[PDB]
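Structure assessment
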Amino acid sequence: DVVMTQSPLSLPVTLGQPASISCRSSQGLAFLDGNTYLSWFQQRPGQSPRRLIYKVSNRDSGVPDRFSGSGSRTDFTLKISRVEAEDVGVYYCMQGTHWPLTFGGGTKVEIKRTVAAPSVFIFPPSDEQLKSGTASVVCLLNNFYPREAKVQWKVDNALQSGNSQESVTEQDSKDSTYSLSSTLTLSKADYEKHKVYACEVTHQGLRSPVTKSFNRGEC
Amino acid sequence: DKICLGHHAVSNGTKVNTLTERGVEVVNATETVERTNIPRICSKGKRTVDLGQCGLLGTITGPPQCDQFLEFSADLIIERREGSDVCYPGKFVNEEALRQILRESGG
Amino acid sequence: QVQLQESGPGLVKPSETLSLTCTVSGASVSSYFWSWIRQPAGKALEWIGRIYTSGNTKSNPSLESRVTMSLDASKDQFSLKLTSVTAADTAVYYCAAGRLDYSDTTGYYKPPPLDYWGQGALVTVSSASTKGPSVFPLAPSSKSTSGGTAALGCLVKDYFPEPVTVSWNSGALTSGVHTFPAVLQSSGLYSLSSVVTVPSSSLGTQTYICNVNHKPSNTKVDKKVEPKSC
Amino acid sequence: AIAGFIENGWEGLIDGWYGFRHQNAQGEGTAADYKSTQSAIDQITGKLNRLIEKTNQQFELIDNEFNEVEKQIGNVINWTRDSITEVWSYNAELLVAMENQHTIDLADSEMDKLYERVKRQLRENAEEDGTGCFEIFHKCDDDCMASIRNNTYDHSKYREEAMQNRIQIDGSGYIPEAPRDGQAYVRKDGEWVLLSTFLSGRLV
Amino acid sequence: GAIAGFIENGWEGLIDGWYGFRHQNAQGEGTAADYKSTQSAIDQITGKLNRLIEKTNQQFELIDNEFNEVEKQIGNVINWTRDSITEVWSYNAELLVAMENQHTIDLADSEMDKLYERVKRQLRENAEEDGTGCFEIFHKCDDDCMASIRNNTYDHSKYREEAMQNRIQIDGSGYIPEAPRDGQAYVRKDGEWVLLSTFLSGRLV
Amino acid sequence: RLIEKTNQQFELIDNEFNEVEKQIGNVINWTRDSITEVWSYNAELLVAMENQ
Ligand SMILES: *[C@@H]1O[C@H](CO)[C@@H](O[C@@H]2O[C@H](CO)[C@@H](O[C@@H]3O[C@H](CO)[C@@H](O)[C@H](O[C@H]4O[C@H](CO)[C@@H](O)[C@H](O)[C@@H]4O)[C@@H]3O)[C@H](O)[C@H]2NC(C)=O)[C@H](O)[C@H]1NC(C)=O
Ligand SMILES: *[C@@H]1O[C@H](CO)[C@@H](O[C@@H]2O[C@H](CO)[C@@H](O[C@@H]3O[C@H](CO)[C@@H](O)[C@H](O[C@H]4O[C@H](CO)[C@@H](O)[C@H](O)[C@@H]4O)[C@@H]3O)[C@H](O)[C@H]2NC(C)=O)[C@H](O)[C@H]1NC(C)=O
Ligand SMILES: *[C@@H]1O[C@H](CO)[C@@H](O[C@@H]2O[C@H](CO)[C@@H](O[C@@H]3O[C@H](CO[C@H]4O[C@H](CO)[C@@H](O)[C@H](O)[C@@H]4O)[C@@H](O)[C@H](O)[C@@H]3O)[C@H](O)[C@H]2NC(C)=O)[C@H](O)[C@H]1NC(C)=O
Ligand SMILES: *[C@@H]1O[C@H](CO)[C@@H](O[C@@H]2O[C@H](CO)[C@@H](O[C@@H]3O[C@H](CO)[C@@H](O)[C@H](O)[C@@H]3O)[C@H](O)[C@H]2NC(C)=O)[C@H](O)[C@H]1NC(C)=O
Ligand SMILES: *[C@@H]1O[C@H](CO)[C@@H](O)[C@H](O)[C@H]1NC(C)=O
Ligand SMILES: *[C@@H]1O[C@H](CO)[C@@H](O)[C@H](O)[C@H]1NC(C)=O
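Per the deposition metadata, X-ray crystallography was the technique used to determine this entry, at a resolution of 3.50 Å.

What follows is the structure, encoded as structure tokens:
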């Protein structure tokens, strides 16, 4: 089996800068018809992969200018002239000369953008969920960068631990920002015991930790 | 009853390159490119002369480092880096040409 | 003007016959190479096999013992059957097409090009029965919004297997919708939050409903979100 | 009217480089053999990927096109350059020649490696017409022809019938040895009826 | 219990030879090498070595100087020539190893078919090709008969008729000879052509 | 295919009667010897291969 090896495997670039991706094949990729069948594929957040380069150099129709493929017979390179916020995603190389079709490991390209402080919002658990005995308090950090944030739950100034699960969106395709959803899950009995449910967010774009809380019941 | 024809085989052979294939496994192979070095000047059977402090051209003029080799006779002449052709500052004109001559001079 | 649409069961039991089918829109199946590419959860793409009309199910050796591909020229659907399924076969299953030049004699002996792709089908291979989700509204607290912007969302909790789809107001609401990745709870069930940011003046005047579809359980939910009434 | 490779190559064959062209009750069929054609294509490719390999030695200028060098050193450069030109030009013409012979003889090898396979399949149920075909001495429907291609033909299933249609006089067909049970036998309707059954009747 | 040959696998147990016979009869199964065909291959590989290992008797001297560099213009020419020389020797080197390995492999696979076509014409009409590199013998071949195939003494006429009968065979019984063309009608009994006159000379009861 | 005579003509860079300079000559010598080594190998391997 032809072995497709890509490098680097995580390629964080700066919004508007160029970068390259090297793909080395374990075998030569020439074929009887005189064409070497290496292709480059871009799979962006939550999508089918699309083909950028076919036959080492030919770019597919409907693809930005900055994508230019190059390579020889063992060593190939995808060159991006100017990585914008819309080029985030994973990039694969595939040989297409030898059975079976094989793909590279993939290179994760993440845009390095300007710092953006997160908007913070907190959600009390719905009264409908409290009928099932479980209480889910949701904290949201929306449209921010870098994707490094601290989310501490404070139930009555008591720092929570263990019951916190957080999910993170993919880097955006236009402003290159993330979004996070920390969920504090606990029982109906424990929810009804305390009053103040706070969410302390610490981030680079914040000159001091921002907190959004909510007192139990209320309005 | 039946009788069968077959060839032998082993568990892990070695891989070699061919015209139509790269890295095909044969039973046994051997290396063709030499890589092993003897870290000495194997000089058995030869009259060797290690000039050392003497430079090869110094055997003609005769600076003090080359006193032992003014009429030397050798089959193998070994120049060393520390060799000096000279004693009073100066060079030789067309020096490699003459070096190359004395190398195969036998002394 | 061509499109490929995968279809099939969302979960198949261990050792069953995982079946899928790529339905072709706006093209004749006779004129393409047809590949199945599966992608396990966060791993390299794996190329299963390729077929063309007049038959030749050339497949990858890792799965050839178990793979079975055929394609119907009247219904326009590439199909696939993976026998005796394992947890390793849990993956996204994109189908793909490639140009087919009849006269290129040497093209049937080269891996097919990957010109067009489908959206990909998730087939999670396990034994746990299908559970529809529960949808709980994530509403603002008494319009303590206090900003120029306000936030509201849904909580699609306790469902299996993946995935669920969340559209806000039947697709009319798209600007500012963040539908988070699912997270697997300690119960063996998935759960995700879908949120959307709206102007603060929109509360009360605008209707906000998230639409959840859990096709594994044929479940469809339309949950309205609104600030609490004390 | 059908022929094989001992004569000419078929132009209708386009799914591959080798195939089976059969003929029976249902008519002609031309279908390529996939395993054999890939084994030829994958070895020609092995040549390309060995000769297309690049050289990574970089040479710089020693000549000077704008400003000529000493006549001696230049003449010696020219002498070396033209001598190297001669070696590569020789090594090149030869490599193409050898690899073109090895290529041509490579494909002939894989045609026979397939012909001599189908031969052992049919065992004692077909004969070599001599032109790359097999006269099959038993009725072979379109399903049976495909059994030869995908290596499932079972000589046993058709052997007894095929050998009898092969070892003939006039129509004819060899006959089995009558049972060795001690009773004399006579031939009647393709079976050894017993002689005692023809000697217990009555006279007229 | 099965057994198969070279159009398939190589045998890892055959260690006193490169090619060999693996039989299976009443007494059991054995594996013994064929020494001739193995030496025929081992000798051709040896012949390649003693044509390639041969030394070049040409001696070269230093044109350069390591401790004390030569003129820059001439050095860039010596370098240019040396690098051009090393290029040709590197090309001829990898091409030789490749061409001789393609020949060494096709050489050995050739000596295997030579042994196969030998045993084939040996057994003449007394066996058939099963396709895996084996011969289904159609008559009992004991260990002494098996060795008669290895040392090429197998008399095919001795076991022919028996095997030719066991190959035609419609039922458990094979083809019949011709009854003598002497003018008598013959009936068939016990594998023999007994006359019909002997069956019409009795007594009505 | 083997009898095909080369057309590359070479003039004379050495001088048999009156020796050229030593350094340049030793290189000319060094190259010609290294060239002869290549044709000598190419010749013998070609005969051996064509005869085979
Ligand atoms: C060692 O080898 C080199 C290369 O072979 C050799 O130098 C070459 O000499 C020839 C002359 O025999 C040059 O060829 C042309 O000669 C004609 C004479 O009519 C000129 O007009 C040419 O110059 C014009 O034409 C060019 C082509 O249109 C233009 O591009 C150019 O700008 C001029 O307008 C040209 O001189 C040849 O150019 C050189 N090659 C070089 C210098 O690289 C050299 O003589 C050999 N040494 C010995 C001792 O034999
Ligand atoms: C023509 O080609 C030759 C060889 O291909 C080339 O001469 C080589 O040059 C390199 C680089 O200058 C030499 O390699 C080493 O370079 C490093 C500098 O990076 C030095 O430090 C080395 O010093 C040696 O000597 C020391 C004692 O004084 C030792 O302590 C040390 O360990 C080293 O051994 C050394 O110079 C290389 O040695 C030479 N080769 C020869 C044969 O001299 C030359 O430059 C080329 N000509 C042109 C015009 O390009
Ligand atoms: C580079 O290589 C050159 C040859 O490859 C070297 O040139 C050769 O140098 C040798 C000496 O080392 C010469 O040999 C001498 O030749 C003279 C004259 O020969 C003629 O007369 C004799 C006697 O009647 C006769 O037998 C010959 O056939 C000639 O007719 C002799 O008298 C000497 O005894 C001695 O043999 C070669 O002649 C010479 N070759 C050529 C072609 O000139 C050259 O020295 C090398 N360069 C370096 C730097 O080493
Ligand atoms: C010998 O092989 C060559 C290729 O190595 C064959 O020529 C090629 O045939 C294909 C036919 O499908 C041509 O493809 C077409 O190319 C154009 C670009 O020019 C492309 O846009 C089309 O969509 C189509 O794919 C290809 O151009 C052509 N190459 C040439 C003419 O240089 C040739 O037919 C083979 N000959 C035999 C006798 O088998
Ligand atoms: C061989 O072909 C026949 C139809 O001609 C089919 O029924 C059978 O399954 C095939 N066998 C294999 C192993 O593909
Ligand atoms: C050949 O083998 C047979 C059977 O083993 C044996 O009787 C005979 O002596 C052998 N002859 C030779 C010449 O090897």
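1. With respect to the site of ligand 5
All names here are of chain D. The full set of residues close to ligand 5 is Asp143, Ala146, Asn150 and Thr152. Side-chain polar atom of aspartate 143 to an oxygen atom of ligand 5: 3.3 Å apart, as the coordinates give it. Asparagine 150 is positioned with one of its side-chain polar atoms (N or O) 2.4 Å from an oxygen atom of ligand 5. Considering ligand 5 on its own, with 370 Å² of exposed area, one finds that the protein chains cover 35% of that surface. For the shell around ligand 5, the class distribution of residues is one nonpolar, two polar and one charged.

2. Section: unusual backbone geometry
Between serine 7 of chain A and the following residue, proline 8 of chain A, the backbone shows a cis peptide bond with an omega angle of 0°. Tracing the chain through its elements places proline 8 of chain A in the loop between strand 1 (4–7) and strand 2 (10–14). In this model, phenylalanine 160 of chain C is joined to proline 161 of chain C through a cis peptide bond whose omega is 0°. Along the chain, the position of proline 161 of chain C falls in the loop between strand 13 (149–159) and strand 14 (165–168). For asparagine 157 of chain A, which is not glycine, the phi dihedral falls at a positive 55°. Residue position: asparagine 157 of chain A is located in the loop between strand 14 (150–155) and strand 15 (158–159). Assessed through its relative accessible area of 73%, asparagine 157 of chain A is described here as exposed.

3. Some words on the site of ligand 4
Near ligand 4 the following residues occur: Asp33 of chain A together with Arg99 and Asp101 of chain C. The residues that come close to ligand 4 belong to more than one chain, namely chains A and C. At 3.4 Å from an oxygen atom of ligand 4 is found a side-chain nitrogen or oxygen belonging to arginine 99 of chain C. At 3.1 Å, a side-chain N or O of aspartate 101 of chain C approaches an oxygen atom of ligand 4. When isolated, ligand 4 has an accessible area of 760 Å², and the protein chains bury 19% of it.

4. Quick look at the side chain of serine 48 of chain A
In this fold, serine 48 of chain A is placed in the loop between strand 4 (38–43) and strand 5 (50–54). There is a polar contact of 2.5 Å between the side chain of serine 48 of chain A and the backbone oxygen of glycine 118 of chain C. When neighbours within four sequence positions are excluded, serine 48 of chain A is seen to be in contact with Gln42 of chain A together with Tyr94, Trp117, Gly118 and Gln119 of chain C.

5. Let's talk about the interface of chain E and chain B
In this complex, chain E contributes 51 residues to the contact, which on the side of chain B involves 29 residues. Of the roughly 3,100 Å² buried between chain E and chain B, counting both surfaces, carbon and sulfur atoms make up 56%. Scanning the region where chain E abuts chain B turns up two salt bridges. Two residues, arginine 81 of chain B and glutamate 66 of chain E, come together in a salt bridge whose shortest N-O distance is 3.9 Å. Linking chain E with chain B are 20 residue pairs in polar contact.

6. Details of the packing of aromatic side chains
Enumeration over the complete set of coordinates arrives at 28 aromatic pairs over all chains. Relative to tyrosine 37 of chain A, the ring of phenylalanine 31 of chain A lies with its centre 6.3 Å away and its plane at 85°, an arrangement referred to as edge-to-face. We note that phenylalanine 31 of chain A, like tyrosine 37 of chain A, is buried. A connected cluster of aromatic rings, assembled from ring pairs, spans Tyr32, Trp34, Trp36, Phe78 and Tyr116 of chain C. Lying across the ring of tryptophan 193 of chain E, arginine 188 of chain E places its NZ or CZ 4.2 Å from the centre.

About the cut-offs
Residues numbered from 1 in each chain as written, not as in the entry; some residues may be left out. Chains lettered and ligands numbered in written order. Part of a larger assembly, values for the part shown. Heavy atoms only, no water. Near = heavy atom within 4 Å. Polar contact = N/O pair within 3.5 Å; in protein donor to acceptor, adjacent residues only side chain to side chain. Areas by Shrake-Rupley, 256 points an atom, 1.4 Å probe, with all protein chains shown as cover. Nonpolar A, V, L, I, M, F, W, Y, C, P; charged D, E, K, R; others polar. Helix = DSSP H or I, 4+ residues; strand = E, 2+ residues; numbered from the N terminus. Buried < 20%, exposed > 50% of the residue type's maximum accessible area, 1.4 Å probe, protein only. Contact = heavy atoms within 4.5 Å. Buried area = accessible area lost by both parts, 1.4 Å probe. Salt bridge = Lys/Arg side-chain N within 4 Å of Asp/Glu carboxyl O. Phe/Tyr/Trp six-rings, centres within 6.5 Å; stacked < 30°, edge-to-face > 60°. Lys NZ or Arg CZ within 6 Å of the ring centre and 35° of its normal.

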